[PDB]
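Notes to accompany the following structure.
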Amino acid sequence: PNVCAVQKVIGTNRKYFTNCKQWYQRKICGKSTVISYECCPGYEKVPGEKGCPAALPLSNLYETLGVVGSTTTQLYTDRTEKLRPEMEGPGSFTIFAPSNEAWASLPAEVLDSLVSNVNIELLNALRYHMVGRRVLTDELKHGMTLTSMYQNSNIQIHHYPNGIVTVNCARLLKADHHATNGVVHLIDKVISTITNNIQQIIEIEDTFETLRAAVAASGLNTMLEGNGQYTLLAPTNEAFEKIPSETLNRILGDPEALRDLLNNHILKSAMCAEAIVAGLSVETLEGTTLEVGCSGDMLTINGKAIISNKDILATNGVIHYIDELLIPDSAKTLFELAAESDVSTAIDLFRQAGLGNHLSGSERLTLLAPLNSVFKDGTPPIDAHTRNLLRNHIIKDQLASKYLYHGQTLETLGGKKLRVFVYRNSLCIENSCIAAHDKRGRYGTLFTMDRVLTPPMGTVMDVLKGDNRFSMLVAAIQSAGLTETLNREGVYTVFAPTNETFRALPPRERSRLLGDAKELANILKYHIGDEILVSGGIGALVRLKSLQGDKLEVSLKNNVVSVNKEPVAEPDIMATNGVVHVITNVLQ
């Protein structure tokens, strides 16, 4: 009876006292926990019975400090020889009592100045830790400010979905210990008054001289002086200095990039370091998502141990000092956001082909860069053919792929026009289809694609006549009167059989297809779909109506296209009026 739970990390003395819960973090930062059982606030064990059935009497506020083990706090109250009678006397009070470890965590210079002068500075600090009314934890989760008993100075309270409550970002260790004249709460640090806002702290600290100048240039000083609850991830001078000067000055000389940069360091609520016991997704003011986490007593952002100072308190929120600049994708050039990504092979080939200048400045372009896996068996060599193909992977204007439409045409650097095909579960531009979300830079946008592009060469008949494998097919096309259909404008899907497919027709079938041209016309129209279906547009199963009227069964399995259970030998050969797919048997 009345049995409370303690979740202790292993290695430590870091402990989490709760209102008996069942949701447990298996790991806290990176160290697993064990759970144990003690008696709850206000219950004591009896020997020979299980649980803790006996309640203990209440005592006054001074005496209750010993019960929760805050004995250094108790000793210093008695030292003042003024505050101890009040804690034993009439009234209703709350005290946030620092733990013994907290008092021992004070630097020697701050410990020295209060205990030297007991009446003055020790009494004043202690009053800031108190409130002139009883407050239970039910009124502590609201997040409001409380007025302390030191000069009516505000205390800032924060609450998080995991139940952790903080008092000036100090963790609340032991909650809701009732007293005869109030309640005692044990907290994890010694807290101090909060007199500066975020902007004032920036102007004071010499380590933020570069940051201070950036804030001024954006005109953001109005927001950082005002009321609000924010977290700032504040970059030191050394963080700025780790960035190459040509990159960094480019940002600072661009009003838009500067604003996006700074917004990526600001969060919409105040978040204390003690809040974070697992990976959490947060959204910045710029829009990028960051994964906040921790490894031991080191806070980490996206796996990098770059938080060098936690819990700097302001009147309008919390500041954490950060050792690396968090440059968002929207502040980066096209080269910067892709150089270390999944398309890094392709980026190197643009550089070797002389096209790196297109990616490195401010031109409004869209880059179609295939994935590294396309180039698994080797890179193509840098000829004039490869050079020409690469110019046609750079699209005029900065575009967003979710706003693309079917009848849109995309113009390349040189003079060609590429067609967009939007399907239900994939989006394609000529033969190449988007394989992951866009990365939007400041001036250009990277589309990640699954394949190298193949721009079209002439009509369907231009494709088939240029290859000796379709000599029997071309004569058959001509005999049926279909040649001029496929040399004019259109949106065809041609499953084009080779000579070796014709070489499989039985003798009885081979000469019955030759004579009966009205029958030949009807057979051929069954092989022609009425819209352009590239291989990256099929997904699982699509029916495509033929010109004869009946439907073909098209499917995609293990990256291989099948049509009516016949595999395609060579897909996605582009033509100005359609697409040609090679097949190795004739359909019926």
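Chain labels follow the order of the structure tokens: the first chain is A, the next B, and so on; residue numbering restarts at 1 in every chain, and ligands are counted from 1 in their shown order.
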Next item on the list: Quick one: everything within 10 Å of residue A:368, counting only C-alpha atoms, minus sequence neighbours fewer than 3 positions away in the same chain. Send it as a count of residues only.
Entry: 22
If you take only C-alpha atoms and a cut-off of 12 Å, which residues of stretch 264-327 of chain A touch stretch 12-15 of chain A, and what are their nearest atom pairs and distances in Å to one decimal, in chain and number order, as JSON lines?
{"residue": "A:274", "atom": "CA", "partner": "A:14", "partner_atom": "CA", "distance": 11.0}
{"residue": "A:277", "atom": "CA", "partner": "A:14", "partner_atom": "CA", "distance": 11.6}
{"residue": "A:296", "atom": "CA", "partner": "A:12", "partner_atom": "CA", "distance": 9.9}
{"residue": "A:297", "atom": "CA", "partner": "A:14", "partner_atom": "CA", "distance": 10.2}
Written file, previous selection with N, CA and C atoms, as a compact mmCIF listing (two decimals), in the first residue's frame:
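Contents of part.txt, freshly written:
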# COMPACT_ATOMS: atom_id res chain seq x y z
N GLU A 274 17.03 19.97 -19.15
CA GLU A 274 16.56 18.85 -18.34
C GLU A 274 15.30 18.18 -18.91
N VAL A 277 15.13 13.69 -22.61
CA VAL A 277 15.53 12.34 -22.21
C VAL A 277 15.46 11.34 -23.35
N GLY A 296 24.61 11.03 -22.34
CA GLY A 296 25.03 11.35 -20.98
C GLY A 296 24.57 12.73 -20.58
N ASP A 297 25.51 13.53 -20.05
CA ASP A 297 25.23 14.91 -19.68
C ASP A 297 25.55 15.88 -20.81
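Distances from A:397, A:540, A:385, A:267 to residue A:553 were compared using only C-alpha atoms, and the smallest one belongs to A:540.
Across the structure, atom CA of residue A:309 and atom CA of residue A:321 are spaced 5.0 Å apart.
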Notebook entry, point to check: Running DSSP on the backbone, which parts of stretch 95-171 of chain A land in strand (DSSP E), as a list in words?
Noted result: residues 95, 96, 97, 98, 130, 131, 145, 146, 147, 154, 155, 156, 157, 158, 159, 165, 166, 167, 170 and 171 of chain A
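Using only C-alpha atoms, the shortest contact distance between residue A:161 and any of A:582, A:280, A:220, A:299 is found at A:280.
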Check: If you count only C-alpha atoms, which residues fall within 9 Å of residue A:207, apart from same-chain ones fewer than 5 positions away, as an MDAnalysis selection string?
Finding: chainID A and resid 202 235:238
Restricting the output to N, CA, C and O atoms, write the selected residues as a PDB file, in the first residue's frame.
ATOM      1  N   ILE A 202      22.689  38.852 -25.287  1.00  0.00           N
ATOM      2  CA  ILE A 202      23.479  38.926 -26.521  1.00  0.00           C
ATOM      3  C   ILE A 202      24.423  40.128 -26.499  1.00  0.00           C
ATOM      4  O   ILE A 202      25.597  40.021 -26.876  1.00  0.00           O
ATOM      5  N   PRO A 235      24.798  30.723 -31.540  1.00  0.00           N
ATOM      6  CA  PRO A 235      26.128  30.365 -32.064  1.00  0.00           C
ATOM      7  C   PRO A 235      27.234  31.276 -31.547  1.00  0.00           C
ATOM      8  O   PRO A 235      27.121  32.504 -31.592  1.00  0.00           O
ATOM      9  N   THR A 236      28.302  30.663 -31.029  1.00  0.00           N
ATOM     10  CA  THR A 236      29.458  31.429 -30.579  1.00  0.00           C
ATOM     11  C   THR A 236      30.216  31.992 -31.785  1.00  0.00           C
ATOM     12  O   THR A 236      29.962  31.618 -32.934  1.00  0.00           O
ATOM     13  N   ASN A 237      31.154  32.910 -31.503  1.00  0.00           N
ATOM     14  CA  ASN A 237      32.094  33.424 -32.508  1.00  0.00           C
ATOM     15  C   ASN A 237      32.877  32.317 -33.211  1.00  0.00           C
ATOM     16  O   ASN A 237      33.126  32.395 -34.421  1.00  0.00           O
ATOM     17  N   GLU A 238      33.297  31.299 -32.454  1.00  0.00           N
ATOM     18  CA  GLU A 238      34.057  30.175 -32.998  1.00  0.00           C
ATOM     19  C   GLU A 238      33.220  29.343 -33.965  1.00  0.00           C
ATOM     20  O   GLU A 238      33.778  28.735 -34.887  1.00  0.00           O
TER      21      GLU A 238
END
Item checked: For residue A:506, the nearest of the candidates A:189, A:298, A:51, A:586, counting only C-alpha atoms ->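 Of A:189, A:298, A:51, A:586, the one nearest residue A:506, counting only C-alpha atoms, is A:586.
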Next item on the list: Skip residue A:125 itself and residues of its chain fewer than 3 positions away, then list as JSON, numbers by chain all residues within 12 Å of it, counting only C-alpha atoms.
Entry: {"A": [73, 76, 77, 80, 83, 95, 96, 97, 98, 110, 111, 113, 114, 115, 117, 118, 119, 120, 121, 122, 128, 129, 130, 148, 149, 150, 151, 153, 190, 191, 192, 193]}
Preceding selection exported with C-alpha atoms as a tab-separated table (two decimals), in the first residue's frame:
chain	number	residue	atom	x	y	z
A	73	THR	CA	19.43	24.13	2.76
A	76	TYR	CA	21.88	27.87	5.88
A	77	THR	CA	18.36	28.99	6.91
A	80	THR	CA	20.57	33.73	8.87
A	83	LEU	CA	14.41	33.03	8.39
A	95	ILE	CA	9.71	26.55	-0.92
A	96	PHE	CA	11.71	25.16	-3.87
A	97	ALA	CA	14.53	23.61	-1.81
A	98	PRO	CA	17.86	22.95	-3.62
A	110	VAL	CA	29.56	32.23	-5.60
A	111	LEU	CA	29.51	30.05	-2.44
A	113	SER	CA	30.14	35.65	-1.35
A	114	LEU	CA	26.86	34.57	0.24
A	115	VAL	CA	28.11	32.69	3.32
A	117	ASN	CA	27.64	37.93	4.54
A	118	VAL	CA	24.87	35.86	6.08
A	119	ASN	CA	22.15	38.45	6.75
A	120	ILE	CA	22.43	40.30	3.41
A	121	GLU	CA	22.92	37.98	0.40
A	122	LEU	CA	22.01	34.55	1.86
A	128	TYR	CA	13.61	34.04	-4.17
A	129	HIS	CA	13.21	30.27	-3.69
A	130	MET	CA	9.98	30.84	-1.74
A	148	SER	CA	8.47	35.02	-5.40
A	149	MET	CA	9.00	36.57	-1.94
A	150	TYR	CA	12.18	38.40	-3.06
A	151	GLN	CA	11.25	41.89	-4.32
A	153	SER	CA	10.64	38.89	-8.84
A	190	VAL	CA	20.33	26.65	-7.04
A	191	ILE	CA	18.36	29.21	-9.06
A	192	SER	CA	18.82	32.97	-9.34
A	193	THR	CA	16.72	35.97	-10.34
Next item on the list: Write out as a ChimeraX atom specification the residues lying within 10 Å of residue A:564, counting only C-alpha atoms and excluding same-chain residues fewer than 2 positions away.
Entry: /A:551-555,562,566-567,587-588
Could those selected residues go to a file with C-alpha atoms, as a PDB file, in the first residue's frame?
ATOM      1  CA  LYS A 551      -6.826  -3.465 -72.282  1.00  0.00           C
ATOM      2  CA  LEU A 552      -3.208  -4.461 -71.680  1.00  0.00           C
ATOM      3  CA  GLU A 553      -2.025  -5.680 -68.277  1.00  0.00           C
ATOM      4  CA  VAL A 554       1.117  -3.776 -67.279  1.00  0.00           C
ATOM      5  CA  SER A 555       2.950  -4.369 -64.008  1.00  0.00           C
ATOM      6  CA  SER A 562       6.033  -6.961 -67.627  1.00  0.00           C
ATOM      7  CA  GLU A 566       5.853 -10.887 -71.314  1.00  0.00           C
ATOM      8  CA  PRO A 567       9.038  -9.134 -70.061  1.00  0.00           C
ATOM      9  CA  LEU A 587       1.147 -10.114 -77.985  1.00  0.00           C
ATOM     10  CA  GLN A 588      -2.236 -11.629 -78.745  1.00  0.00           C
TER      11      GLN A 588
END
Next item on the list: Could you give me, as JSON, numbers by chain, each residue of stretch 440-509 of chain A that DSSP assigns to helix (DSSP H, G or I) when run on this structure's backbone?
Entry: {"A": [460, 461, 462, 463, 464, 465, 468, 469, 470, 471, 472, 473, 474, 475, 476, 477, 478, 479, 499, 500, 501, 502, 507, 508, 509]}
Check: Hey, can you check how far atom CA of residue A:282 sits from atom CA of residue A:268?
Finding: 9.0 Å
Next item on the list: Provide the atom CA of residue A:577 to atom CA of residue A:459 distance in Å, to one decimal place.
Entry: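 Separation of atom CA of residue A:577 and atom CA of residue A:459: 5.6 Å.
Closest approach to residue A:94 from the set A:46, A:58, A:183, A:136 is made by A:183, with distances taken over only C-alpha atoms.
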Item checked: Long-range neighbours of residue A:255 as a PyMOL selection string, 12 Å cut-off, only C-alpha atoms, 3 positions minimum in chain -> chain A and resi 214-220+249-252+258-262+331+442
Check: What lies within 10 Å of residue A:462 using only C-alpha atoms, ignoring chain neighbours under 3 positions off, as a list in words?
Finding: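 Here the qualifying residues turn out to be residues 457, 458, 459, 465, 466, 467, 486, 487, 575 and 576 of chain A.
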